[PDB]
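Please read the structure below before turning to the comments.
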Amino acid sequence: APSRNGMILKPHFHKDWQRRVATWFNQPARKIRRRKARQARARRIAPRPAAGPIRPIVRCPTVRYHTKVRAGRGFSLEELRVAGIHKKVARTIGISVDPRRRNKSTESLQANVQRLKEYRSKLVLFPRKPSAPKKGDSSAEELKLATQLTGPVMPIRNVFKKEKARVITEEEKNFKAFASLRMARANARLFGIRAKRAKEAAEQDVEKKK
Amino acid sequence: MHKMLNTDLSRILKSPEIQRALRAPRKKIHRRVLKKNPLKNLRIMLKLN
Amino acid sequence: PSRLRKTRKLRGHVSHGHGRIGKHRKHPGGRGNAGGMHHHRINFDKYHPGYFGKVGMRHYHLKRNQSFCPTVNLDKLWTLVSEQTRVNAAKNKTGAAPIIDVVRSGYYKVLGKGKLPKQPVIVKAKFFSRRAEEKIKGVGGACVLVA
Amino acid sequence: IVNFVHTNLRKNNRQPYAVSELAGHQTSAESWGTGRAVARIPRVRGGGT
RNA sequence: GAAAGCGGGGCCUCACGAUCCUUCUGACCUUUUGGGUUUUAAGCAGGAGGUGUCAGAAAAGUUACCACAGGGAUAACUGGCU
RNA sequence: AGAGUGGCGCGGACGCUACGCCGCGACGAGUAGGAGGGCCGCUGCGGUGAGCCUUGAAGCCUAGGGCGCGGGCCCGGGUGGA
RNA sequence: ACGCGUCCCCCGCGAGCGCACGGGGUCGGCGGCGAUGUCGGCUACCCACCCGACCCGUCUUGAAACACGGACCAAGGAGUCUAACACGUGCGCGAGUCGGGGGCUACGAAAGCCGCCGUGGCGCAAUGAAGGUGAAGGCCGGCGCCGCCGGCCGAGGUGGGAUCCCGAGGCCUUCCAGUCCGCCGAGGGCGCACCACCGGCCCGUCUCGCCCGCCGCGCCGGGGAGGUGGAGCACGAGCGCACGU
RNA sequence: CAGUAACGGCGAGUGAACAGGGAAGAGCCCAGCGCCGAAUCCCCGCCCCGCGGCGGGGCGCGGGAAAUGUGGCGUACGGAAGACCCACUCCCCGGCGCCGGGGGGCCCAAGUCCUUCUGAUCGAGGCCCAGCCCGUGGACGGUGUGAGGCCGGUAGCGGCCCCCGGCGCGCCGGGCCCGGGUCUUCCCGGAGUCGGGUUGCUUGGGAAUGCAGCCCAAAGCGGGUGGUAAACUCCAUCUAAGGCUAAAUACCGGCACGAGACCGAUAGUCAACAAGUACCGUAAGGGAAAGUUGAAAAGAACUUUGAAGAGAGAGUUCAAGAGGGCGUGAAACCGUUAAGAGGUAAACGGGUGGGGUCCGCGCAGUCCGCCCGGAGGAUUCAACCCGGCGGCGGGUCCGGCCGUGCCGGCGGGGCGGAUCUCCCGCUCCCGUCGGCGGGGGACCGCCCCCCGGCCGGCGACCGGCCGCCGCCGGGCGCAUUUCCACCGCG
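First to last, the sequence lines map onto chains A, B, C and D. Here PDB author numbering is used: the first residue of the first sequence is 2, the next is one more, and so on. Here PDB author numbering is used: the first residue of the second sequence is 281, the next is one more, and so on. Here PDB author numbering is used: the first residue of the third sequence is 2, the next is one more, and so on. Here PDB author numbering is used: the first residue of the fourth sequence is 36, the next is one more, and so on.
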C-alpha cells in the first residue's frame, strides 16, 4: 500500500532465490591459490618469460573506443610472412598465432611488421645441447647475462603526436563549422531522391524527339 | 591540515587584544523577595511613600 | 545496532506500535502494486502521472555505442590542457594560438555555454553546435573538424 | 576518526556462523483442529512412544 | 443590418463515457536497423466504435449428505423500553 | 572609575567533571501513538582496573542492616565448593 | 521653609558615637532520666480498631458482569536477517569522487601497496515519438535603414532582507585651550542566504514576414517578430562510509 | 554493460546480448579428388629375454580380415607434382650406473632449591653487585587447586634411520632417411539434408528466437547471415548437414585435516549415554526419554533389635550436612516446633496503637583553632657566612635552534609540464631535400641541500655568565627566642 510520494519499484524475488544464493567466503584463500599455482607456472618454464607469447597491436572497434589501442589475440598470416618468420616456427619462439585476422589498412600493417623485428633482435636463444651449439644460436655471455622477464612483453601504451601554437591563415577563419555539417547531411540523405528525377526529366526529352 | 591553529584557550583569553573589547562583569547575586504587607508593617510602608 | 532501535522501548507495551483496534495483519491492500486502476487509483495518478500507456516507436537490437556523444561547454573549454599553453600565449606579439584537441580528452561534440577567456585558439571538435562556432570566431579562432 | 574507524575495521576478520534449517522442521507433524480441547498447534503424526 | 452591433448551438438550471486494441482524417511529415528505388508495417495530432454495477471484471444453479474462518456489528427463545 | 603637553608585621574560605556550577518566573490528567534520558537489568568481543578469589568464587536461603520516585542495587549471617 | 558671592520676573570629600515594625531565626535561656533493665530504631515479621476499597487480561459507544482465557509452580516463549527506495543526521574528500573485481608481497580469512590497474558507476545538459537540435547581452565610431568593420564592460532589475561602513554631535572634578586611544550616536551608504514581482537564453509546437550562405545553385542549408508544452539555462554540491525512521 | 533494449488482460509482472576491462590461454583429425605392386591390420605353434599396466626380437609353404577399400603423404591458414635456386646432421621407443620432494617411525633447554597456608598445592614471600634458570621453546593438555623451568609436546634451512618417485649425464640396445624460397601445369570437399507450408511447445526476439512431428523438398558466379512482410538491386562477412582437445569454473555425498566476537544437556543434529536404539503400525512409514559420589573405593570389619526390608551404636573421609540414578539442591505442595491470632470467604490502601525479633555494641556524652594564667620537657629560634637546586627578564650580555615567514646567489641536486629544438635509430626518394620515432640540450613550475641579508618564536620548541628573591642540607647562635606533651566549669 503506497503511503504517499515515493518511487514505484519492481523486485524479482518471486522465485525461490534462497535455494540459489552464491557467497564468496572463499574469496581470500582462493586468491592465495592462484598466486601459488601462478608461482608454480614459471619455475617450470625457466628463462622463458612468464609474460608468455607476445600479443599484437590491435584497436578497439566502434565509434566509442575507436580512438584506443590494446593487446590482441594473434599476428595475421601476412605480418609473419613479410617479416621473415614461418607460422609453425613462430609458435616455437614466443610470437602469437591466430588463423582469422585481417589486413584492411596499411596503417595497422606496417605497425605489425616492425613489431616482430624488435622482438626477433632482442631475443636470447639457447643451444640444443649445452656442449654443441650451431649458427643462429646466441653466444655464452648473453646466455650468462640472460634471464626471465616480468609483465607483458613490450607493452602497448596510449600514444598521440603533439602539435604547435599556430597563426591562423585568412581562409581557416573563413570556413563555416555548422553550415558545412548541415550541407553534408542534406546531400547524403537526398541523393536517392536526386538521381531518379534527373533521370525522369531526361527520360521525357528522349521520347518527344523520337 | 588544522581547523583551529591554537587550541591553547587558557592563554588566548588573556593576550592584549581580547581584554580590550568586552564589558565588565556582574558577580552579584539577587535572592528572592518576601512581600511584607505594607498595610501592616511600618518601615516597609515608609519606603513606598 | 539491535540496541538503539525502537523495539527495546516496546518490551512492555501491548500493541507494539501497530494498534489496539485494527491490528498488524498480513496484507490489507493486496501485495505489491495492486489496485492500479481500482482502489489504489488516486495515489498512482497524483505522484506518477503517465504510468499507464504507450508512446513512440520501438527500436529492437539497440547497440548503444553508435549513439555515443560526449560533451564539452565553452566557459570551461580551457579545461583540457596544462597551465602553460595560456600564460605564454597571452605574452605574444606576432599573435600565436595553441591547438586544443577535444578528441584527446574524451569529448566528441563541443557545446556553447558561457564566456570565453579572450585570446587566440584553434579548436578541433567532432561536432560544433551553432554557438560554439560564433563565440570562438568573434573573439578570433578557427573551427577544424574531425571524424 | 579513530573510534569510528576502529569499530568498522574490527568486523572484517570475523568468521561466519549459522544455525541449521533442517532442525525443527525434521518431523511429519500436523494440527488436530478445533475440538478435543487442545491448543491448535501442529502435533506429531501417529505413535506409541 | 443603413449603421451602432450581435453571433463560436438551442433564453438559464440535466440529456452522458478512461488504459489497451479497431476505424477514419490531416502533410513534398518521422521511422522502416549496412546503403538506395518501389509495395508494406510502425508513429504524431484530431474525430468515431463503450463500458447504464455509468473512475469503466469477460460469468448460471442446487445441497435435509455437507465443510472452514468468524459474527451477538445479523435473525430463530427469555428479559428489557414501547 | 581615561593617558599626557601649555596658563614595625611578607598575610586575604569555598570554586570552574564549562558535557560544570550558579541565578529569577509559569506551569505539571491522559487511552491509540510519538519522542528523550536511564550511575535501570541479561549474555558474548577489544581496551583498561600493578581489580578481586582455597585466610573461601558462583548460586541459594535469611522474623539480620542500608540505598533510589523507579527499574533495581550496597552490606551482616549461613550454605556451597572454583 | 533657616549660611553667603552675583543672574531674575514679582515689588559637588564636615567629625564621630547610638536605637530600630528596615533586602526569609536567633537566645551572650533553662530542667529531668541514666548498666542487666531500661534508651532509641520511620524501615521488615505477627495481631487490633476507624475510614476506604467488586478480578485480572480483553474486543468493545458500554465489562465486577448471566460476554470469553486464567487450579497452582518452574523452565522456554513472539517486529528479525538480507534486497531495493526515500527523507533526516554524523564523517572524509570536493567538480569531482569510489577499487567494491583483478594484481604484488600464531593474531592474518587481517593489514600497506598499485595509477599508463578509473575499464566502469553515480555526477557536471536539456529536450523531441523521431530525424535531430542543444543554453546573455549592451554602448560609441567606418557605409534616418539595412550588410559588415573596430574600441570598452559585462552574467540584468524593483520591493523586503541577519550584519558591516561613513559620522552632525557629545562621553564631568578647580577653570582656559589642545590631542591621541576607545565607546555612545540623529539620520544617511554596499545590500550574504530565503522569498514575492517584473525581463531574458536553450529544446518542442503554433501564426506573420523579409533578407542571407554556397567545391555540388536545389522538393539544398542558415537568420528574424509574437503566442505556447517541458522532469531545462541563469557562476556549480555532488560522490564514498555510518546511524536512525 | 542494466533492472537497460525487448515482452506483457502493455496489468500484475518478467528480461538479454555486443562493445570495454580481468582470470585462464593451445590448438588440430578424417570422409572426398588422386599418386605409392594392401605397402595395412588381427589370432595361433615354437625359443631367447621378460613384465603382478602381457610388452621386446627371431622362425613359420600357419590360419583369417580386405578392392562393397586397409595404411602412408594430405583437408580451405589452401594442397600436389615437375623444373631452377638456397642448404643438411638432430628426432623419438626401453634398460645399466652416475647427480638433492611425498609417506612412516625413533630422538633433542630450564627449579619440583629456601621459608610458608592446605586434606592435598600448580598458591603467598624470597633467591645479591649476571636483578634464581631457559627463552628459535611464555600454544595446548595432563598431574590430590590456579605450572614457561614435574610429565607429553611447543621452537629450528634441527638430528638419525627406511620406503618410492622427479628432473640431468654417460654405455650398450631399438627404431628414423626426412628441410625452405621463385617459375610452369594440374585440383578442390558431407542429401530426405539445406529450404519452405502448416500444427504444438519454447524465448526478451516483435508478419514467428530455438525445437519437433506430417506434407512439399533444392542449389554450384552456389549456399547461410545482416533483429518488420516482399519485389526489383550493389556491398559486407562466415563455409552449415563428420570427429578429438588442457586451463581458468562448480562440489550440503565420500576420505583426512585446521578454526571460530556461535550453542551449552527443555540448548546445540532426531541422536553428549547399548539411537535411527526401546516401542507403535498388516505395510508405506512414524520414532523417544535418558550427562555429574570422591582426591582416591578408603563403597561403612565387630557388636545389637528383627523372619525380612527398615533401624541403634562402632568406623573412612577435609565432609556422608558426599551412602552406589550418590556436585550444588530454588519454587509449588506436605509434616512437625514457636509465636501469634480467629462468628460477616479470604486478601488489599491510608492512619495509629500493642507485642515480638534482632540490630545500635547504646547506659553520665562532641570535637578544631587562636588567645590568658599556673606546673614542667628538647639543646632550639632570629641573623651571618658554607655548598647544592628551582621560580624569573638582564626594559639594551653571548651564541644556537627552529618557521602554515620572505629577499638574494653568475651557488650543488630530485621528480614534475597538453613549453621550445642539436645527435641518431627506421622509412619513401634519387653521397641528397623531405617524414614519423628512440635519447640529450635550453626554458617554467614544485622541492631537497649549502652561503649571505632582513622578520617572528623558546607557553606542542633551549645551553652559559650576571642580578634578584625561594626552598633544603652544614657550621655557628646558648636563651623573657623556637616547639613539644599536660593541666584551668579562664
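Note that the Cβ used here is the ideal one computed from N, Cα and C, for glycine as well.
- May I have the straight-line CA-CA distance separating residue 22 of chain A from residue 12 of chain A, to the nearest angstrom? Within the model, the alpha-carbon separation for residue 22 of chain A versus residue 12 of chain A is close to 16 Å.
- residue 53 of chain C CB to nearest chain A CB: under 8 Å? no
- Query: Whose C-beta lies closer than 8 Å to the C-beta of residue 128 of chain C among residues of the same chain, with five residues either side of it excluded?
  - Reply: 70, 109, 110 and 111
- Query: Going by Cα to Cα distance, which pick from A/76, A/39 and A/63 is closest to residue 56 of chain A?
  - Reply: Of the candidates A/76, A/39 and A/63, the one whose C-alpha sits nearest the C-alpha of residue 56 of chain A is A/76.
- Give the DSSP-derived three-state secondary structure of residue 174 of chain A in the structure shown. Under the three-state reduction of DSSP, residue 174 of chain A is assigned to coil, being neither helix nor strand.
- Coil, strand or helix - residue 181 of chain A by DSSP: Helix, per DSSP.
- Please go through the same chain and pick out, in chain order, the residues whose beta-carbon is closer than 8 Å to the beta-carbon of residue 49 of chain A, but skip the five residues on each side of it. Result list for residue 49 of chain A: 43, 95 and 149, in chain order.
- Does the Cβ-Cβ distance between residue 97 of chain C and residue 167 of chain A come in under 8 Å? yes
- Label residue 47 of chain D either buried or exposed according to how many other C-beta atoms from any shown protein chain fall within 10 Å of its C-beta, with 16 as the threshold for buried. exposed
- Cβ-based contacts, 8 Å cut-off: residues of the region 96-125 of chain C near chain A: 96, 97, 98, 99, 100, 102, 104, 105, 121 and 123
- Task: Report the rounded CA-to-CA distance for residue 42 of chain D versus residue 4 of chain C, giving the unit in angstroms.
- Result: 16 Å
- Task: Would you give the residue range spanned by the alpha helix (DSSP H) that residue 136 of chain C belongs to?
- Result: 131-140
- Neighbour list for residue 50 of chain C in chain A, Cβ cutoff strictly below 7 Å: In chain order: nothing, as chain A lies at least about 12 Å away.
- Task: Kindly indicate which three-state DSSP category residue 102 of chain C falls into: helix, strand or coil?
- Result: strand
- Taking contact to mean at least 3 C-beta pairs separated by less than 8 Å, is the region 84-91 of chain A in contact with the region 100-120 of chain A? yes
- Query: What three-state label does DSSP hand residue 41 of chain D in the structure shown?
  - Reply: helix
- Task: Assuming residue 9 of chain A contacts residue 34 of chain C (C-beta within less than 8 Å), just tell me the rounded distance between them.
- Result: 7 Å
- Message: Cβ closer than 7 Å: which chain C residues qualify as neighbours of residue 194 of chain A?
- Response: Those do not exist, as residue 194 of chain A stays about 22 Å from chain C at its closest Cβ, beyond 7 Å.
- Task: Pull up the distance between the alpha-carbon of residue 130 of chain C and that of residue 191 of chain A, whole angstroms please.
- Result: 23 Å
- Message: Within 10 Å of its beta-carbon, does residue 37 of chain D have 16 or more other beta-carbons around it, so buried, or fewer, so exposed?
- Response: exposed
- Query: According to DSSP, is residue 119 of chain A helix, strand or coil?
  - Reply: helix
- Task: For residue 67 of chain C, go through chain A and note every residue whose CB falls closer than 9 Å to its CB, in chain order.
- Result: Those within 9 Å of residue 67 of chain C in chain A are 63, 64 and 65.
- Message: At the level of alpha carbons, what is the spacing between residue 107 of chain A and residue 60 of chain A?
- Response: 14 Å
- Item | Where the region 158-181 of chain A meets chain C: residues whose CB sits under 8 Å from a CB there | 161, 164, 165, 166, 167, 168, 169, 173, 174, 176, 177, 178, 179 and 181
- Task: Using alpha carbons as the reference points, say which of C/94, C/9, C/65 and C/99 lies closest to residue 84 of chain C.
- Result: C/99
- Query: In the DSSP assignment, what residue or residues form a beta bridge with residue 66 of chain D?
  - Reply: In DSSP, residue 66 of chain D forms a bridge with D/77.
- Message: Let's see if you can read the secondary structure: which residues bound the beta strand (DSSP E) around residue 72 of chain A?
- Response: Segment 70-72, the beta strand (DSSP E) holding residue 72 of chain A.
- Outcome for residue 88 of chain C when other beta-carbon atoms lying within 10 angstroms are tallied against a minimum of 16: exposed
- Task: Label residue 91 of chain A either buried or exposed according to how many other C-beta atoms from any shown protein chain fall within 10 Å of its C-beta, with 16 as the threshold for buried.
- Result: Counting of Cβ neighbours within 10 angstroms places residue 91 of chain A among the buried residues, the total reaching 16 or more.
- Message: Taking 8 Å as the threshold (beta carbon to beta carbon), is residue 87 of chain C in contact with chain A?
- Response: no
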